[PDB]
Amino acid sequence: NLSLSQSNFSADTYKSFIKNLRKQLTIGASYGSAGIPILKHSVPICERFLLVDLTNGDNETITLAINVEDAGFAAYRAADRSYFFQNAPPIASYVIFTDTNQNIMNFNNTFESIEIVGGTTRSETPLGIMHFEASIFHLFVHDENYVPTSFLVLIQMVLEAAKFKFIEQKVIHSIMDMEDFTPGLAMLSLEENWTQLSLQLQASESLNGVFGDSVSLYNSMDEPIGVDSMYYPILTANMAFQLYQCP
């Protein structure tokens, strides 16, 4: 499996991991005018999951199952145990981690659901190398008090970074500065709007690249920038792939 380990976690190795993850997710992608790959859709359940290994500073490893249709976590394995989100595709447990003691987490893989059960938001959850490391531990032992925030960390540092070069770069800055951060409005507005940007980009094919609705993306000075077309470098040089939305 594609893997990222605490023991070899530099800017260079992180960047390669995210680059490879994007490549794997975009196998068989479709392309529009914008040239931003659109993830596969209607994927048979048996081929719907990409497995990724993360190893922490105790040399313990978890394997996460990423749904290739939406680049979200469906489940993960720790040793001989696995854990499925309650909105994982219904048949997923027959396809992945079959040879393990399977458990259902009583919450969805969405930020809104994770934040409600954990009682903690992304804005208050630090990101960085040591939080990546600790999140893997908490998931490995499945400490229910820390499972939600551990997903907030790993979803953002792995999946959201794959979706957006801006977010990847935030993590890279963190590694190089040896400095934790919490996502601000820039990062959250990307995460919030990934599905809406996917819809507008694809829909814009019929309107000379103009969107049906404007999307507000914040910059690092907390100024909202209206993105109402494909002609914004903060979108088209940032968003690495899209959710399938339009025929």
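All residue numbers refer to positions in the sequence shown, first residue = 1.
Relative to its counterpart among 148-156 and 88-96, 88-96 has the higher mean temperature factor, C-alpha atoms as listed in the PDB entry. Judged by mean Cα B factor in the deposited record, 110-118 ranks above the other of 110-118 and 158-166. If you compare the C-alpha temperature factors of 217, 66, 199, 178 in the entry, 178 comes out highest.
Among the modelled residues of the chain, residue 102 sits in the highest third by CA temperature factor in this PDB entry. Compared with the other modelled residues of the chain, the Cα B-factor recorded for residue 191 ranks in the lowest third. Sort the chain's modelled residues by C-alpha temperature factor and residue 212 lands in the middle third, per the entry.
Split the chain's modelled residues into thirds by C-alpha temperature factor. Residue 127 is in the lowest one. Ranked by Cα temperature factor within the chain, residue 174 sits in the highest third according to the deposited record.
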